[PDB]
Amino acid sequence: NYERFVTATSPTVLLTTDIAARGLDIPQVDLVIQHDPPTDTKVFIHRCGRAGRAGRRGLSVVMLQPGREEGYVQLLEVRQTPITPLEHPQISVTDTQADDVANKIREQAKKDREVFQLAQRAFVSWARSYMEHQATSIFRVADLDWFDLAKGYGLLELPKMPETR
RNA sequence: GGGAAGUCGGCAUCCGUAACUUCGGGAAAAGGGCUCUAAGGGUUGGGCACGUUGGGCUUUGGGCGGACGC
Ligand SMILES: [Mg+2]
C-alpha cells in the first residue's frame, strides 16, 4: 500500500491513522484534511508538516463539530500555533444535498453484507477514541448528539452502546 | 432493737438492637470497542476463449512381429 502510493502518477489519496503523521516526507504531497481532531495535542503540528516541506502550498484543514469543541481554535492559539478560518475554498456545504450523497453510502451498506459489520466496529472504535481525549474541557462525551454521526457515518442502525436512544 | 451508747484508744464481662467486613482473578467503555511498538500455529489453494505444442475421439497407411493353428 505504501509502495503503490509513492509510485503512483494519477491523483491519489491515502486513508491513514497516525502512522503517516510524523516524519514521512512523501513527495508531491499537497492536501491534508483532519476528519477527527487529534486525541493528543502534539501531533497536529506534525500532521500539518506532512502537507508542507518547502514552498509548496500546504493545504492543511481540520474539521470541528459545532459546540464547545469550537474552542480548538483558541486551544491552538495558546499553543502559539495560531489557526485561521478557511478562506481559500470557501465552498462550504450543500446541506440536504450533502445528506443524500451520504445516503448514497447507506444503500451501498444495504447492498454489501460485509460492509455492515465493518460500520459499527468503525463506530465503536471512534467512540473509544473520543472517550480518551486528553483535554477534558473542550471534548466531552455528554454533549454528543449521536443520531447525526450515524447519519454522518451512514450507519444503518446504532448499536447497543451504553447510551440508549 | 440500738449502733462505740464498753475501753485511755472500734473500722476476650454476657444478651438484644443498628450500620461495617473475607479468598481468588484482574489496568486502560460497559457488562460490536483507541494510536504506535514484537511474537500473534502450520499446510494447501488465482478465471474466462482463440489459433498454437503434446499425448488424448474417428479415419488412413506403415513397420516390427508376421504369429497361432492346420
Ligand atoms: Mg523528521
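Here is how names work: the chains are called A, B, and so on, in the same order as the sequence lines, proteins then strands, and each is numbered from 1.
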- Classify the glycosidic conformation of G32(B) as syn or anti, calling it syn when the angle lies within 90° of 0. syn
- Query: Is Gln74(A) reaching over with its side chain to a backbone N or O of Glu70(A), donor-acceptor style, under 3.5 angstrom?
  - Reply: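 No, the answer is negative, given that no donor and acceptor are paired below the 3.5 Å cut-off.
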Whether [N] and [M] stack: are their six-membered ring centres under 5.5 Å apart and their planes inclined by less than 30°?
N	M	value
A28(B)	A29(B)	no
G25(B)	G26(B)	yes
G33(B)	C34(B)	no
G63(B)	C64(B)	yes
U22(B)	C23(B)	yes

[Y] side chain reached by [X] side chain, heavy atoms, under 4.5 Å:
X	Y	answer
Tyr130(A)	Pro37(A)	no
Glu69(A)	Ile138(A)	yes
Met63(A)	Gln34(A)	no

Does the ring of [N] sit north or south, if a positive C1'-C2'-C3'-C4' angle means north and a negative one means south?
N	value
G32(B)	north
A19(B)	north
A5(B)	north
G56(B)	north
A39(B)	north

- Is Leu64(A) reachable from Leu144(A) through a run of hydrophobic residues whose side-chain heavy atoms are each under 4.5 Å from the next?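 Yes, same cluster.
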- Note on the structure: Going 5' to 3' through nucleotides 27-38 of chain B and flagging B where a protein heavy-atom sits under 4.0 Å of the base, S where only the sugar-phosphate is that close, and - otherwise, we get -SB--BBBSS--
- Here RNA chain B, pairs taken as Watson-Crick or G-U under 3.5 Å and shown with ( ), [ ] when crossing and | when to another strand, reads ......................................................................
- Item | Cationic N near anionic O, under 4.0 Å, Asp30(A) to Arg57(A) |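 Salt bridge flag = no for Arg57(A) with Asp30(A).
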- Message: Under a 4.0 Å threshold between the charged nitrogen and the carboxylate oxygen, would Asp99(A) count as salt-bridged to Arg106(A)?
- Response: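 Looking at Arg106(A) and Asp99(A), the cut-off is met.
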[atom1] spacing across the pair [N] / [M], given as an integer number of angstrom:
N	M	atom1	answer
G10(B)	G6(B)	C1'	11 Å
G25(B)	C20(B)	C1'	24 Å
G46(B)	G51(B)	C1'	25 Å
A30(B)	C34(B)	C1'	16 Å
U53(B)	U60(B)	P	24 Å

- Task: Assign the ring pair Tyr153(A) / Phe123(A) to parallel, tilted or perpendicular, where the plane angle (0 to 90°) is split at 30° and 60°.
- Result: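 Ring orientation of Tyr153(A) relative to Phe123(A): perpendicular.
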- Query: Is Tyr2(A) atom OH crowded by more than 12 heavy atoms from other residues, nucleotides or ligands, each under 6.0 Å away?
  - Reply: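 Yes, OH of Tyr2(A) has more than 12 neighbouring heavy atoms, counting only those of other groups under 6.0 Å.
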- Item | Passing candidate, side chain to side chain contact (heavy atoms under 4.5 Å, CB included) with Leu86(A), options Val62(A), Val61(A), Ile91(A) |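 When side chain to side chain contact (heavy atoms under 4.5 Å, CB included) is applied between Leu86(A) and each of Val62(A), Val61(A), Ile91(A), only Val61(A) qualifies.
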